[PDB]
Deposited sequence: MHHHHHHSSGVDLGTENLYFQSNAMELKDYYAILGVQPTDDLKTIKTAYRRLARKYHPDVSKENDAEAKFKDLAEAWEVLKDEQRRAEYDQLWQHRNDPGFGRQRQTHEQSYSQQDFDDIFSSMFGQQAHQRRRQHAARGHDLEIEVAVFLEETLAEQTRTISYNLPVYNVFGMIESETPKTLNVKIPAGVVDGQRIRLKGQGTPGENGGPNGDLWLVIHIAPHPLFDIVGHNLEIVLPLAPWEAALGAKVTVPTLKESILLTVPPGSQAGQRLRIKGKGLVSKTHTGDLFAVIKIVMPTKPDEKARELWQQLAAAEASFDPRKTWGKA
């Protein structure tokens, strides 16, 4: 008389439902064997499991005896391992969230106040003058919740498409203005 084996089901969970006390329907099969010992059938099972809120990524939950049938012995256990889903805007890094902050070059140079999204509502982040590409601007009070974490606005500089006659001239003049700038001092 030996016990059954443990099953594992990786449950993907949209980050947004992190603080959501959520219900997932789990479905799995338990194999049924021949007198000659091979599978010949699978019995289908389902449970409506109440997943607690604020389940951290990769965290584990145990449903005892929901695993494989024991031999002769107790059933094995079933494990639901969480895997927080890849957010469209935010990105889980540590206990904090990251948001890429697209900025037009003028916006980065002059500075600008622009609305940025959070978990729920949208705050107003201010960008200092002269900010650089890769700039890691922090916004406290908006981040993973449980205490609560912080969001980081990581600046990325974007460009409009090819410019028309007038916008061109201007660019040539900045080019002239900033002719001394070496964007590749590293090489």
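J.: No C-alpha coordinates anywhere in a stretch? Then put that deposited-sequence range on the list, in order along the chain.
T.: Model skips 1 to 136, 209, 284 to 285, 327 to 329 of the deposited chain.
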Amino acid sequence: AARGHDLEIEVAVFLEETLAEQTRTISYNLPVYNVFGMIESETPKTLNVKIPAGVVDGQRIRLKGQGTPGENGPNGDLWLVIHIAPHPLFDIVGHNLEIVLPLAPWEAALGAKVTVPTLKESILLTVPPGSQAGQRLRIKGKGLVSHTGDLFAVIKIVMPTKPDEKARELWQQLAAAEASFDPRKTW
From here on, numbers count along this sequence of modelled residues.
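J.: Test of understanding: from the entry's C-alpha B-factors, which stretch has the higher mean, 31 to 39 or 50 to 58?
T.: Higher mean C-alpha B-factor in the PDB entry: 50 to 58.
J.: By the record's CA B-factor, is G111 among the lowest, middle or highest third of residues in the chain?
T.: Bottom third by C-alpha B-factor.
J.: Please say which third, lowest, middle or highest, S146 falls into when its CA temperature factor is compared across its chain.
T.: Bottom third by C-alpha B-factor.
J.: According to the PDB entry, is the CA B factor of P102 in the bottom, middle or top third of its chain, that is, lowest, middle or highest?
T.: As the PDB entry reports it, the C-alpha B-factor of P102 lands in the lowest third of its chain.
J.: Tell me, lowest, middle or highest third: where does the Cα B factor of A176 rank within its chain?
T.: Ranked within chain, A176 CA B lands in the lowest tercile.
J.: Would you mind ranking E71 by its C-alpha B-factor against the rest of the chain and naming the third, lowest, middle or highest?
T.: Ranked within chain, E71 CA B lands in the highest tercile.
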